[PDB]
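K.L.:
Have a peek at work_25.pdb (PDB, C-alpha atoms).
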```
ATOM      1  CA  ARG A   4     -45.878  39.566 139.911  1.00  0.00           C
ATOM      2  CA  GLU A   5     -43.950  39.352 136.576  1.00  0.00           C
ATOM      3  CA  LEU A   6     -43.393  41.435 133.436  1.00  0.00           C
ATOM      4  CA  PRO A   7     -41.811  38.978 130.983  1.00  0.00           C
ATOM      5  CA  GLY A   8     -38.673  40.313 129.277  1.00  0.00           C
ATOM      6  CA  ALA A   9     -38.148  42.900 132.014  1.00  0.00           C
ATOM      7  CA  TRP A  10     -37.069  42.618 135.640  1.00  0.00           C
ATOM      8  CA  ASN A  11     -37.330  44.564 138.939  1.00  0.00           C
ATOM      9  CA  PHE A  12     -41.027  45.141 138.224  1.00  0.00           C
ATOM     10  CA  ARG A  13     -43.662  46.054 140.778  1.00  0.00           C
ATOM     11  CA  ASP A  14     -46.693  48.125 141.484  1.00  0.00           C
ATOM     12  CA  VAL A  15     -45.636  50.635 144.127  1.00  0.00           C
ATOM     13  CA  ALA A  16     -48.948  49.889 145.854  1.00  0.00           C
ATOM     14  CA  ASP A  17     -47.699  46.330 146.517  1.00  0.00           C
ATOM     15  CA  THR A  18     -45.565  47.962 149.206  1.00  0.00           C
ATOM     16  CA  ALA A  19     -47.248  51.305 149.946  1.00  0.00           C
ATOM     17  CA  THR A  20     -50.603  49.874 150.761  1.00  0.00           C
ATOM     18  CA  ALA A  21     -52.245  53.308 151.196  1.00  0.00           C
ATOM     19  CA  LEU A  22     -51.929  53.728 147.417  1.00  0.00           C
ATOM     20  CA  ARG A  23     -54.609  52.613 145.025  1.00  0.00           C
ATOM     21  CA  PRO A  24     -53.304  49.665 143.001  1.00  0.00           C
ATOM     22  CA  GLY A  25     -52.755  50.014 139.259  1.00  0.00           C
ATOM     23  CA  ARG A  26     -51.645  53.669 139.205  1.00  0.00           C
ATOM     24  CA  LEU A  27     -47.849  53.704 139.554  1.00  0.00           C
ATOM     25  CA  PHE A  28     -45.626  50.909 138.416  1.00  0.00           C
ATOM     26  CA  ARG A  29     -41.874  50.654 138.071  1.00  0.00           C
ATOM     27  CA  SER A  30     -39.397  48.376 136.363  1.00  0.00           C
ATOM     28  CA  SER A  31     -36.218  47.863 134.460  1.00  0.00           C
ATOM     29  CA  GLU A  32     -36.057  48.861 130.855  1.00  0.00           C
ATOM     30  CA  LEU A  33     -38.593  47.397 128.492  1.00  0.00           C
ATOM     31  CA  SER A  34     -36.275  46.942 125.463  1.00  0.00           C
ATOM     32  CA  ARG A  35     -36.687  43.125 125.576  1.00  0.00           C
ATOM     33  CA  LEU A  36     -40.282  42.910 126.613  1.00  0.00           C
ATOM     34  CA  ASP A  37     -41.821  39.882 124.884  1.00  0.00           C
ATOM     35  CA  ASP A  38     -45.384  39.046 123.792  1.00  0.00           C
ATOM     36  CA  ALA A  39     -46.321  37.995 127.316  1.00  0.00           C
ATOM     37  CA  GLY A  40     -44.817  41.237 128.648  1.00  0.00           C
ATOM     38  CA  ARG A  41     -46.791  43.377 126.210  1.00  0.00           C
ATOM     39  CA  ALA A  42     -49.951  41.536 127.243  1.00  0.00           C
ATOM     40  CA  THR A  43     -49.155  42.061 130.899  1.00  0.00           C
ATOM     41  CA  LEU A  44     -48.977  45.845 130.270  1.00  0.00           C
ATOM     42  CA  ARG A  45     -52.367  45.830 128.499  1.00  0.00           C
ATOM     43  CA  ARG A  46     -53.917  43.713 131.245  1.00  0.00           C
ATOM     44  CA  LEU A  47     -52.685  46.122 133.938  1.00  0.00           C
ATOM     45  CA  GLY A  48     -54.112  49.077 132.016  1.00  0.00           C
ATOM     46  CA  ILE A  49     -50.859  51.003 131.734  1.00  0.00           C
ATOM     47  CA  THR A  50     -51.264  53.828 129.185  1.00  0.00           C
ATOM     48  CA  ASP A  51     -48.059  55.733 129.692  1.00  0.00           C
ATOM     49  CA  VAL A  52     -44.414  54.900 130.195  1.00  0.00           C
ATOM     50  CA  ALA A  53     -41.800  57.259 131.481  1.00  0.00           C
ATOM     51  CA  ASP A  54     -38.457  56.204 129.937  1.00  0.00           C
ATOM     52  CA  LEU A  55     -35.721  57.882 132.000  1.00  0.00           C
ATOM     53  CA  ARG A  56     -32.845  56.296 130.098  1.00  0.00           C
ATOM     54  CA  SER A  57     -30.147  58.509 128.588  1.00  0.00           C
ATOM     55  CA  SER A  58     -30.341  58.824 124.824  1.00  0.00           C
ATOM     56  CA  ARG A  59     -27.102  56.730 124.566  1.00  0.00           C
ATOM     57  CA  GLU A  60     -28.852  53.960 126.492  1.00  0.00           C
ATOM     58  CA  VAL A  61     -31.904  54.181 124.286  1.00  0.00           C
ATOM     59  CA  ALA A  62     -29.723  54.191 121.153  1.00  0.00           C
ATOM     60  CA  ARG A  63     -27.940  50.972 122.180  1.00  0.00           C
ATOM     61  CA  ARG A  64     -30.611  49.014 123.953  1.00  0.00           C
ATOM     62  CA  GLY A  65     -33.420  50.186 121.687  1.00  0.00           C
ATOM     63  CA  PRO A  66     -36.939  51.523 122.384  1.00  0.00           C
ATOM     64  CA  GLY A  67     -39.285  49.917 124.828  1.00  0.00           C
ATOM     65  CA  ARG A  68     -41.110  47.131 123.023  1.00  0.00           C
ATOM     66  CA  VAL A  69     -44.513  48.183 124.226  1.00  0.00           C
ATOM     67  CA  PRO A  70     -47.885  47.288 122.810  1.00  0.00           C
ATOM     68  CA  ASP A  71     -49.911  49.799 120.846  1.00  0.00           C
ATOM     69  CA  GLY A  72     -52.044  52.140 122.888  1.00  0.00           C
ATOM     70  CA  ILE A  73     -49.098  52.982 125.236  1.00  0.00           C
ATOM     71  CA  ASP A  74     -47.447  56.364 124.965  1.00  0.00           C
ATOM     72  CA  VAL A  75     -43.718  56.168 125.786  1.00  0.00           C
ATOM     73  CA  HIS A  76     -42.414  59.492 127.017  1.00  0.00           C
ATOM     74  CA  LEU A  77     -38.652  59.921 126.532  1.00  0.00           C
ATOM     75  CA  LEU A  78     -37.375  61.689 129.619  1.00  0.00           C
ATOM     76  CA  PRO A  79     -33.594  61.259 129.559  1.00  0.00           C
ATOM     77  CA  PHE A  80     -31.915  61.326 132.925  1.00  0.00           C
ATOM     78  CA  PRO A  81     -28.101  61.001 132.873  1.00  0.00           C
ATOM     79  CA  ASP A  82     -26.973  57.471 133.722  1.00  0.00           C
ATOM     80  CA  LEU A  83     -24.658  56.346 136.536  1.00  0.00           C
ATOM     81  CA  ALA A  84     -21.624  55.642 134.301  1.00  0.00           C
ATOM     82  CA  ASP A  85     -18.303  57.606 134.096  1.00  0.00           C
ATOM     83  CA  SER A 117     -12.046  44.100 149.973  1.00  0.00           C
ATOM     84  CA  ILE A 118     -13.007  47.766 149.651  1.00  0.00           C
ATOM     85  CA  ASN A 119     -16.289  47.969 147.817  1.00  0.00           C
ATOM     86  CA  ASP A 120     -16.775  50.860 150.179  1.00  0.00           C
ATOM     87  CA  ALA A 121     -15.522  52.398 146.933  1.00  0.00           C
ATOM     88  CA  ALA A 122     -18.763  51.342 145.235  1.00  0.00           C
ATOM     89  CA  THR A 123     -20.721  52.794 148.148  1.00  0.00           C
ATOM     90  CA  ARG A 124     -18.888  56.137 147.872  1.00  0.00           C
ATOM     91  CA  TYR A 125     -19.310  56.248 144.120  1.00  0.00           C
ATOM     92  CA  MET A 126     -23.033  55.449 144.224  1.00  0.00           C
ATOM     93  CA  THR A 127     -23.696  57.871 147.056  1.00  0.00           C
ATOM     94  CA  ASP A 128     -22.009  60.623 145.025  1.00  0.00           C
ATOM     95  CA  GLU A 129     -24.059  59.772 141.940  1.00  0.00           C
ATOM     96  CA  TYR A 130     -27.313  60.140 143.987  1.00  0.00           C
ATOM     97  CA  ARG A 131     -26.016  63.319 145.536  1.00  0.00           C
ATOM     98  CA  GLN A 132     -25.975  64.843 142.015  1.00  0.00           C
ATOM     99  CA  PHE A 133     -29.414  63.513 140.917  1.00  0.00           C
ATOM    100  CA  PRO A 134     -31.509  66.578 141.825  1.00  0.00           C
ATOM    101  CA  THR A 135     -29.448  68.977 139.654  1.00  0.00           C
ATOM    102  CA  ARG A 136     -28.826  66.631 136.718  1.00  0.00           C
ATOM    103  CA  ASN A 137     -30.050  67.936 133.399  1.00  0.00           C
ATOM    104  CA  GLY A 138     -33.403  66.240 132.842  1.00  0.00           C
ATOM    105  CA  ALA A 139     -34.178  65.229 136.472  1.00  0.00           C
ATOM    106  CA  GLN A 140     -36.733  68.000 137.023  1.00  0.00           C
ATOM    107  CA  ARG A 141     -38.181  67.407 133.550  1.00  0.00           C
ATOM    108  CA  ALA A 142     -38.676  63.706 134.296  1.00  0.00           C
ATOM    109  CA  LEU A 143     -40.297  64.373 137.686  1.00  0.00           C
ATOM    110  CA  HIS A 144     -42.530  67.049 136.157  1.00  0.00           C
ATOM    111  CA  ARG A 145     -43.812  64.705 133.472  1.00  0.00           C
ATOM    112  CA  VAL A 146     -44.350  61.731 135.794  1.00  0.00           C
ATOM    113  CA  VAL A 147     -46.344  63.873 138.259  1.00  0.00           C
ATOM    114  CA  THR A 148     -48.322  65.569 135.521  1.00  0.00           C
ATOM    115  CA  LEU A 149     -49.346  62.167 134.064  1.00  0.00           C
ATOM    116  CA  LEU A 150     -50.309  60.734 137.425  1.00  0.00           C
ATOM    117  CA  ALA A 151     -52.338  63.803 138.368  1.00  0.00           C
ATOM    118  CA  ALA A 152     -54.244  63.378 135.069  1.00  0.00           C
ATOM    119  CA  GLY A 153     -55.301  59.895 136.162  1.00  0.00           C
ATOM    120  CA  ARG A 154     -53.009  58.021 133.772  1.00  0.00           C
ATOM    121  CA  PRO A 155     -51.583  54.680 134.988  1.00  0.00           C
ATOM    122  CA  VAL A 156     -47.874  55.114 134.491  1.00  0.00           C
ATOM    123  CA  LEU A 157     -44.889  52.768 134.467  1.00  0.00           C
ATOM    124  CA  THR A 158     -41.618  54.522 135.216  1.00  0.00           C
ATOM    125  CA  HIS A 159     -38.280  52.871 134.320  1.00  0.00           C
ATOM    126  CA  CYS A 160     -34.695  53.570 133.563  1.00  0.00           C
ATOM    127  CA  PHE A 161     -32.108  50.829 132.845  1.00  0.00           C
ATOM    128  CA  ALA A 162     -31.972  48.766 136.073  1.00  0.00           C
ATOM    129  CA  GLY A 163     -35.100  50.437 137.507  1.00  0.00           C
ATOM    130  CA  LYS A 164     -33.392  51.007 140.864  1.00  0.00           C
ATOM    131  CA  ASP A 165     -31.517  54.353 140.999  1.00  0.00           C
ATOM    132  CA  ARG A 166     -32.948  57.007 138.686  1.00  0.00           C
ATOM    133  CA  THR A 167     -36.332  55.301 138.914  1.00  0.00           C
ATOM    134  CA  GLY A 168     -35.961  54.905 142.666  1.00  0.00           C
ATOM    135  CA  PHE A 169     -35.284  58.674 142.997  1.00  0.00           C
ATOM    136  CA  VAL A 170     -38.277  59.758 140.938  1.00  0.00           C
ATOM    137  CA  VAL A 171     -40.643  57.293 142.634  1.00  0.00           C
ATOM    138  CA  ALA A 172     -39.492  58.319 146.082  1.00  0.00           C
ATOM    139  CA  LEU A 173     -40.219  62.000 145.394  1.00  0.00           C
ATOM    140  CA  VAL A 174     -43.651  61.145 143.987  1.00  0.00           C
ATOM    141  CA  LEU A 175     -44.480  59.176 147.143  1.00  0.00           C
ATOM    142  CA  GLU A 176     -43.193  61.901 149.447  1.00  0.00           C
ATOM    143  CA  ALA A 177     -45.213  64.509 147.486  1.00  0.00           C
ATOM    144  CA  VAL A 178     -48.459  62.626 148.253  1.00  0.00           C
ATOM    145  CA  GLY A 179     -47.573  62.438 151.941  1.00  0.00           C
ATOM    146  CA  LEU A 180     -46.142  58.946 152.514  1.00  0.00           C
ATOM    147  CA  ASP A 181     -43.766  58.332 155.399  1.00  0.00           C
ATOM    148  CA  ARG A 182     -40.083  57.726 154.786  1.00  0.00           C
ATOM    149  CA  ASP A 183     -40.231  54.152 156.015  1.00  0.00           C
ATOM    150  CA  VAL A 184     -42.829  53.185 153.415  1.00  0.00           C
ATOM    151  CA  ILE A 185     -40.906  54.957 150.603  1.00  0.00           C
ATOM    152  CA  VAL A 186     -37.683  53.220 151.658  1.00  0.00           C
ATOM    153  CA  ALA A 187     -39.447  49.820 151.849  1.00  0.00           C
ATOM    154  CA  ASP A 188     -40.381  50.090 148.195  1.00  0.00           C
ATOM    155  CA  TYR A 189     -37.031  51.545 147.187  1.00  0.00           C
ATOM    156  CA  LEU A 190     -35.157  48.680 148.828  1.00  0.00           C
ATOM    157  CA  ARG A 191     -37.244  46.064 146.943  1.00  0.00           C
ATOM    158  CA  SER A 192     -34.710  46.526 144.120  1.00  0.00           C
ATOM    159  CA  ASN A 193     -32.295  44.454 146.190  1.00  0.00           C
ATOM    160  CA  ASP A 194     -34.467  41.424 145.550  1.00  0.00           C
ATOM    161  CA  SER A 195     -33.711  41.789 141.805  1.00  0.00           C
ATOM    162  CA  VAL A 196     -29.918  41.826 142.139  1.00  0.00           C
ATOM    163  CA  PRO A 197     -29.480  38.169 141.025  1.00  0.00           C
ATOM    164  CA  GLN A 198     -31.677  38.837 137.966  1.00  0.00           C
ATOM    165  CA  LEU A 199     -29.742  42.008 137.105  1.00  0.00           C
ATOM    166  CA  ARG A 200     -26.474  40.089 137.405  1.00  0.00           C
ATOM    167  CA  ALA A 201     -27.820  37.412 135.000  1.00  0.00           C
ATOM    168  CA  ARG A 202     -29.017  40.097 132.608  1.00  0.00           C
ATOM    169  CA  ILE A 203     -25.594  41.780 132.625  1.00  0.00           C
ATOM    170  CA  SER A 204     -23.825  38.494 131.889  1.00  0.00           C
ATOM    171  CA  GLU A 205     -26.173  37.926 128.958  1.00  0.00           C
ATOM    172  CA  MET A 206     -25.548  41.478 127.657  1.00  0.00           C
ATOM    173  CA  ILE A 207     -21.804  40.879 127.823  1.00  0.00           C
ATOM    174  CA  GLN A 208     -22.229  37.628 125.862  1.00  0.00           C
ATOM    175  CA  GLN A 209     -24.165  39.622 123.268  1.00  0.00           C
ATOM    176  CA  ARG A 210     -21.732  42.592 123.247  1.00  0.00           C
ATOM    177  CA  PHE A 211     -20.886  42.135 119.543  1.00  0.00           C
ATOM    178  CA  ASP A 212     -24.571  42.055 118.583  1.00  0.00           C
ATOM    179  CA  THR A 213     -25.670  44.990 120.840  1.00  0.00           C
ATOM    180  CA  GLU A 214     -23.467  47.653 122.385  1.00  0.00           C
ATOM    181  CA  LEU A 215     -23.302  47.641 126.127  1.00  0.00           C
ATOM    182  CA  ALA A 216     -25.160  50.250 128.102  1.00  0.00           C
ATOM    183  CA  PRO A 217     -22.588  52.490 129.816  1.00  0.00           C
ATOM    184  CA  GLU A 218     -23.720  51.437 133.283  1.00  0.00           C
ATOM    185  CA  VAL A 219     -22.796  47.828 132.506  1.00  0.00           C
ATOM    186  CA  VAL A 220     -19.197  48.939 131.949  1.00  0.00           C
ATOM    187  CA  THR A 221     -19.072  50.879 135.204  1.00  0.00           C
ATOM    188  CA  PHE A 222     -20.805  48.131 137.190  1.00  0.00           C
ATOM    189  CA  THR A 223     -18.375  45.573 135.725  1.00  0.00           C
ATOM    190  CA  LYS A 224     -15.389  47.722 136.783  1.00  0.00           C
ATOM    191  CA  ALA A 225     -16.883  47.886 140.274  1.00  0.00           C
ATOM    192  CA  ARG A 226     -16.584  44.074 140.230  1.00  0.00           C
ATOM    193  CA  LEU A 227     -20.362  43.656 140.001  1.00  0.00           C
ATOM    194  CA  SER A 228     -20.597  44.596 143.694  1.00  0.00           C
ATOM    195  CA  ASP A 229     -23.923  44.323 145.577  1.00  0.00           C
ATOM    196  CA  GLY A 230     -23.178  48.011 146.263  1.00  0.00           C
ATOM    197  CA  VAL A 231     -23.489  48.890 142.542  1.00  0.00           C
ATOM    198  CA  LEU A 232     -26.068  46.245 141.573  1.00  0.00           C
ATOM    199  CA  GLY A 233     -28.283  46.904 144.605  1.00  0.00           C
ATOM    200  CA  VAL A 234     -29.412  49.958 146.559  1.00  0.00           C
ATOM    201  CA  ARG A 235     -29.078  51.266 150.090  1.00  0.00           C
ATOM    202  CA  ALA A 236     -31.123  53.804 152.103  1.00  0.00           C
ATOM    203  CA  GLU A 237     -27.960  56.017 152.326  1.00  0.00           C
ATOM    204  CA  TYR A 238     -28.008  56.571 148.547  1.00  0.00           C
ATOM    205  CA  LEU A 239     -31.594  57.876 148.470  1.00  0.00           C
ATOM    206  CA  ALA A 240     -30.926  59.938 151.636  1.00  0.00           C
ATOM    207  CA  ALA A 241     -27.972  61.667 149.926  1.00  0.00           C
ATOM    208  CA  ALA A 242     -30.174  62.794 147.031  1.00  0.00           C
ATOM    209  CA  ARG A 243     -32.860  63.935 149.413  1.00  0.00           C
ATOM    210  CA  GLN A 244     -30.398  65.931 151.516  1.00  0.00           C
ATOM    211  CA  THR A 245     -29.159  67.692 148.362  1.00  0.00           C
ATOM    212  CA  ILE A 246     -32.729  68.762 147.560  1.00  0.00           C
ATOM    213  CA  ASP A 247     -32.974  70.493 150.967  1.00  0.00           C
ATOM    214  CA  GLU A 248     -29.510  72.047 150.623  1.00  0.00           C
ATOM    215  CA  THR A 249     -30.079  73.324 147.106  1.00  0.00           C
ATOM    216  CA  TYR A 250     -33.818  74.139 146.920  1.00  0.00           C
ATOM    217  CA  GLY A 251     -34.604  74.527 150.611  1.00  0.00           C
ATOM    218  CA  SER A 252     -37.201  71.776 150.723  1.00  0.00           C
ATOM    219  CA  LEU A 253     -38.990  69.234 148.526  1.00  0.00           C
ATOM    220  CA  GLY A 254     -41.737  71.823 147.995  1.00  0.00           C
ATOM    221  CA  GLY A 255     -39.173  74.252 146.663  1.00  0.00           C
ATOM    222  CA  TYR A 256     -37.811  71.563 144.328  1.00  0.00           C
ATOM    223  CA  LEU A 257     -41.296  70.705 143.076  1.00  0.00           C
ATOM    224  CA  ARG A 258     -42.074  74.379 142.526  1.00  0.00           C
ATOM    225  CA  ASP A 259     -38.803  74.883 140.631  1.00  0.00           C
ATOM    226  CA  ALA A 260     -39.764  71.823 138.540  1.00  0.00           C
ATOM    227  CA  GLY A 261     -43.007  73.448 137.423  1.00  0.00           C
ATOM    228  CA  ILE A 262     -45.180  71.354 139.724  1.00  0.00           C
ATOM    229  CA  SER A 263     -48.009  73.330 141.355  1.00  0.00           C
ATOM    230  CA  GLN A 264     -49.771  72.537 144.643  1.00  0.00           C
ATOM    231  CA  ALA A 265     -52.958  72.113 142.531  1.00  0.00           C
ATOM    232  CA  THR A 266     -51.181  69.355 140.606  1.00  0.00           C
ATOM    233  CA  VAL A 267     -49.872  67.735 143.796  1.00  0.00           C
ATOM    234  CA  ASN A 268     -53.378  67.799 145.255  1.00  0.00           C
ATOM    235  CA  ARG A 269     -54.849  66.131 142.183  1.00  0.00           C
ATOM    236  CA  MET A 270     -52.078  63.534 142.262  1.00  0.00           C
ATOM    237  CA  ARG A 271     -52.823  62.795 145.941  1.00  0.00           C
ATOM    238  CA  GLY A 272     -56.501  62.297 145.102  1.00  0.00           C
ATOM    239  CA  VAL A 273     -55.677  59.944 142.215  1.00  0.00           C
ATOM    240  CA  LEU A 274     -53.084  57.891 144.109  1.00  0.00           C
ATOM    241  CA  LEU A 275     -54.546  57.640 147.647  1.00  0.00           C
TER     242      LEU A 275
END
```
Turn the structure described in the file into structure tokens.

P.N.:
Amino acid sequence: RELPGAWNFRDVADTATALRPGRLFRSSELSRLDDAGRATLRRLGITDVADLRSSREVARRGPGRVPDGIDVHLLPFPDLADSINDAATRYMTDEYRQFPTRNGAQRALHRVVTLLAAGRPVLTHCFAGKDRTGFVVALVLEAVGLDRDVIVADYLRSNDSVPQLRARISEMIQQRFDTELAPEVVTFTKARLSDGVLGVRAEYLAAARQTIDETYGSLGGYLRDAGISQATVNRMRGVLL
């Protein structure tokens, strides 16, 4: 259930029940993991972490406080930083729209898939664990043949963490003279900590997915361009399903 010191944590198999449990996990950043959190990671058998945070985010928030025996792979993916909170919806949709072509997006997907295909239990995270992470996870799941509704079910679970993210942001702001704020905090604060910026919606993920088809022709063409072979996909399907 819990990963103490982090939030928005789950095994993807908790939702996508055709997956083997213990293979693909997701969460918020791990920069405040505590002793109980480190023990949870060891207990679950996670050997690899994919840290999708931008290097600014990593600089400010610090490295994931993981136990020994876990390889943290730095895979920077540009962050989402610069009553109508239809403005938040527009902004977020446009951010997702640009995900596929961001510098580092293909690199992150390539490494996550490569690790999974090798039989490594992997935890993928960014800052809030909902947008960048939600994109990468969704493509992984689609690559192994899961239906959209199952992918979206797991993606939307990040809405359950919105109160916890809000509390975390307030605490970061209180500590802003001790630790510089991650750039997304500033943008989310401007957006008046909307549920539209703190949460997720199926329209966001669908915008990114549409851009893959428009730019690369298909998901297969995106995966190929990202150095991911069908052999690797096949191995990943065998490991995950």

K.L.:
Which residues would end up in the selection if the PyMOL selection byres ((chain A and resi 9-18) around 8) were applied here, given that I need the answer as a VMD selection string?

P.N.:
chain A and resid 4 to 8 19 to 36 40 162 to 164 184 187 to 188 192 194 to 195 198 to 199

K.L.:
For a test of reading the model, state the distance in Å between atom CA of residue A:77 and atom CA of residue A:56, rounded to one decimal.

P.N.:
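Between these atoms lies a distance of 7.7 Å.
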
K.L.:
Using all atoms listed in the file, which of the listed residues (A:153, A:65, A:70, A:81) sits closest to residue A:37?

P.N.:
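Checking each candidate against residue A:37, we get A:70 as the closest.
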
K.L.:
Tell me which residues come within 12 Å of (-52.2, 51.6, 121.6), as a VMD selection string, counting only C-alpha atoms in the file's coordinates.

P.N.:
chain A and resid 41 to 42 44 to 45 48 to 51 69 to 75

K.L.:
Could you list, as a ChimeraX atom specification, every residue matched by the PyMOL selection byres ((chain A and resi 176) around 12) in this structure?

P.N.:
/A:19,147,169-175,177-186,243,252-254,257,267,270-271,274

K.L.:
May I ask for the distance between atom CA of residue A:265 and atom CA of residue A:167, given in Å to one decimal place?

P.N.:
23.9 Å

K.L.:
Considering only C-alpha atoms, state which residue in the set A:76, A:63, A:46, A:269 is at the smallest distance from residue A:159.

P.N.:
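Of A:76, A:63, A:46, A:269, the one nearest residue A:159, counting only C-alpha atoms, is A:76.
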
K.L.:
Would you translate the PyMOL selection byres ((chain A and resi 144) around 8) into the concrete set of residues it matches in this file, as a PyMOL selection string?

P.N.:
chain A and resi 140-143+145-148+257+260-262

K.L.:
So that I can check the surroundings of residue A:231, please list as a PyMOL selection string every protein, DNA and RNA residue that reaches within 8 Å of it, counting only C-alpha atoms and ignoring chain neighbours fewer than 6 positions away.

P.N.:
chain A and resi 122-123+126+222+225
